[PDB]
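Taking the form deposited in one PDB entry, here's one chain by itself in structure tokens.
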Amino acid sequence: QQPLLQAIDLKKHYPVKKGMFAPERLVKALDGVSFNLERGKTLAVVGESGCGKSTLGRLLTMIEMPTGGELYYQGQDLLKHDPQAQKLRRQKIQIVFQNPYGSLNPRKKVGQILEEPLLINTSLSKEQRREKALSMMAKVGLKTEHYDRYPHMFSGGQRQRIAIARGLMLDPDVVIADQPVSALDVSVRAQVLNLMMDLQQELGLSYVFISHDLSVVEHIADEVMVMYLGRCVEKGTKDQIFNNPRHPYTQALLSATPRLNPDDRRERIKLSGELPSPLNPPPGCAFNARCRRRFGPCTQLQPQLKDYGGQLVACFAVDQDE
């Protein structure tokens, strides 16, 4: 049977013009990511800030169509526009936006924002949808008063919970969560993550959980995928990738995570040398300018995803060692 969600060499290239009259550049925003996702699983997506993660999220949620590659849901093409089918498929995949204030319409009370998905997709009446909205709001620790508030009348940790509430309303199959808990205090971060886990175990939701906080994906992930400059660099179960990070970038990534425990702290493995430019990517391997294991092949060829017993890795030193 075909996986719930499948991506095959997804590419997205953005045209950048210096001005109304100027030569056109092409930003390399996603360079052929590939993965499979199944009912009840979390694929955590981690890596550099500015490496393709929200771009991948906008492809997966059908906010944009890719510049090549393929994308499949339950064995049904997403990119081949089927207007008749789109009606049904539309709800089954949902988004939680990064910096979600812009995703909230300034001139509608949050109650209306929350009700809109149910209004469009369900037969719930005017008061029943209110009830629903309140219910959901209460699950994330939003008060009843807020039903009459406007989006400018909130703080960031309320806006994020508003956005989570809107995404998780419809009982989707797939939630593409772009940093869903990045502005929450720990005491309510725990309540939101417990809701996401309750849903995952109850309904069979799957998550593409984009994150920068590794402590959270160490808990919420089944599988973790590491991205650098629009390319995958490592993939496997979070057990494998926490216990034995093989790709040189993932070692430098997991070895800079903050910890509260004084005795669990380590002096970070520092990185130096010029950051690759997503406009003019270096020849061959992206990480070569900063990497400590660099051979000759690094500046000549690009590493594809080789297998080592389920931990997929895209490096040459790893190959050398195997």
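Rigid core: the largest C-alpha set superposing within 1.5 Å between the two forms. Residues carry their position along the shown sequence, with the first being 1.
Quick note: we don't show the form deposited in another entry, though the next part is all about it.
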(Q) Using the rigid core as the reference frame, would you say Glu131 shifts its C-alpha by 2 Å or more between this form and the one not shown? (A) yes
Q) Relative to the superposed rigid core, does the CA atom of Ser277 travel 2 Å or more between this form and the one not shown? A) yes
Q | Exceeds or equals 2 Å, Cα of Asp171 between this form and the one not shown, core fit | A | yes
**Q.** Pairwise C-alpha change, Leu195 versus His152, in that other deposited form against this form - closer or farther, 3 angstroms or more
**A.** closer
Q) Relative to the form shown here, do the C-alpha atoms of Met196 and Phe154 sit closer together or farther apart in that other deposited form, given a change of 3 Å or more? A) closer
